[PDB]
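Here the sequence shown stands for residues 57 to 269, 324 to 417, numbered as in the entry's author numbering.
Here's the structure, in structure tokens; my notes come after.
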Amino acid sequence: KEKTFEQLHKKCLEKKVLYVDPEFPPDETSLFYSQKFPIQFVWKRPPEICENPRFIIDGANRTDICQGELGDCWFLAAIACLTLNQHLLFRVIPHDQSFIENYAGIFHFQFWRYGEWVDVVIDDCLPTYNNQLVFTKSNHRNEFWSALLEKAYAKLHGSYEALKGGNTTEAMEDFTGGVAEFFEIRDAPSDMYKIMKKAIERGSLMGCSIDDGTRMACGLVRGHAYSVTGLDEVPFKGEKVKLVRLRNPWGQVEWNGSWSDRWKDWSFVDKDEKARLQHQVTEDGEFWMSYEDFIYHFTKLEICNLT
Ligand SMILES: [Ca+2]
Ligand SMILES: [Ca+2]
């Protein structure tokens with residue numbers, strides 16, 4: 057108890073044993089405090105789940121974040137935003153971690169808490185059912201960085217259940233130590249597109265949501335956070351059209367209106383722009399929409415400005 061990551065790992069390696077966390081053990085206490093999850097979960101380490109597990113494959117990026125049967129929409133919308141700033145990402149995720157080298161069933165991450173970087177140590181046991189992850193997972197079957205990161209943040213809040221509610225800005229600050237700002241869309245001035253654009257390039261993280269006071327006909331989900339991942343202008347039919355790119359951390363459901371993946375007027379654009387906008391018909395959870403529709407549908411915009 058109360059020992060550093062550094063030592064603890066070395067200890068486990070020399071005793072040739074896999075770490076088990078005393079303070080956040082693989083049982084029902086770490087899962088919930090009040091309400092029980094109905095299906096009985098099995099705890100399993102990633103080597104027990106698949107043949108060749110890996111920490112990170114071909115970069116830690118936003119496609120590695122897919123929500124499970126947990127309602128931590130806010131947290132993921134922030135991790136996804138964070139992968140848009142790689143150098144910032146490596147402060148949170150120590151990069152020298154592996155399943156093929158010096159593996160001792162122990163991993164660790166860093167969060168910004170009360171004005172300082174703090175380290176979190178965890179065992180690699182993860183909740184599963186039918187030998188597959190129940191909570192956040194990567195879209196690549198062998199990636200476990202995101203599943204582990206979630207677990208660490210769950211420990212920080214005492215349980216997985218404790219994540220069920222929250223605001224994205226809380227996670228953004230926990231990853232950056234920056235200062236959060238909110239805009240209510242109507243009270244946002246006319247130059248908001250420009251404000252968003254300045255924020256993105258500065259490397260600041262941006263989330264948004266549609267107030268709760324597919325889910326909607328139009329492909330959007332209410333009271334569920336989205337990551338803002340791009341802003342651009344395209345010349346279309348002789349006029350320049352302002353666009354906004356968003357990502358649903360569900361990675362499964364997107365906007366079906368104008369500028370969506372399967373929109374037919376994509377035909378009136380040149381390869382360059384399309385290539386530049388990385389346009390792809392992929393049910394990845396990411397999509398473009400017009401600035402006008404964005405402002406029309408969304409009600410809250412949050413920015414965490416870097417410190
Ligand atoms: Ca990846
Ligand atoms: Ca897509």
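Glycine included, each C-beta is placed from N, C-alpha and C at the ideal position.
inquiry  = With a threshold of 6 Å (Cβ to nearest heavy atom), would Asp-120 be considered close to ligand 3?
reply    = Although ligand 3 was asked about, the structure shown includes only ligand 1 and ligand 2 as ligands.
query = Span of the beta strand (DSSP E) holding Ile-178?
reply = 172-179
ask   = In chain order, what residues of the same chain have a beta carbon less than 6 Å from the beta carbon of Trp-168, not counting five sequence neighbours either side?
value = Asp-230 and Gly-233
task = Let me know if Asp-120 comes out buried or exposed under the rule of 16 or more other beta-carbons within 10 Å of its beta-carbon.
result = buried
ask   = In three-state DSSP terms, what is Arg-325?
value = coil
inquiry  = If I measure Cβ to Cβ from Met-252 and keep anything under 6 Å in the same chain, skipping five residues before and after, which residues do I get?
reply    = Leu-341
inquiry  = Suppose the cutoff is 7 Å on Cβ atoms and the five residues either side in sequence are ignored; what does the same chain contact list for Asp-175 look like?
reply    = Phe-61, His-164 and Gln-166
request  = With a 10 Å radius around its C-beta and 16 neighbouring C-beta atoms as the bar for buried, classify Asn-108 as buried or exposed.
outcome  = exposed
ask   = Does the segment 146-166 come within contact of the segment 196-215, defined as at least 3 CB pairs closer than 8 Å?
value = yes
inquiry  = With H, G and I counted as helix, E and B as strand and the rest as coil, what does DSSP make of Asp-403?
reply    = helix
task = Look up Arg-332 in the DSSP assignment and say whether it is helix, strand or coil.
result = coil
message = Using only the alpha-carbon positions, how far apart do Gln-390 and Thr-339 sit?
response = 15 Å
message = Pairs of beta-carbons, one from the segment 351-366 and one from the segment 325-338, closer than 8 Å: are there three or more?
response = yes
ask   = Contact check, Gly-259 vs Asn-141 under 8 Å by CB: the rounded distance?
value = 4 Å
key: Terminal residues of the alpha helix (DSSP H) in which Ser-86 lies   = 84-87
ask   = Does the count of Cβ pairs from the segment 213-224 and the segment 111-120 closer than 8 Å reach three?
value = no
task = Could you please give me the residues that DSSP links to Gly-124 through a beta bridge?
result = BP columns for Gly-124 are empty, so no partner.
key: Cβ neighbour criterion (16 or more within 10 Å) applied to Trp-365   = buried
task = Would you list, in sequence order, the uninterrupted beta strand (DSSP E) runs of no fewer than 3 residues that lie entirely inside the segment 209-240?
result = 235-240
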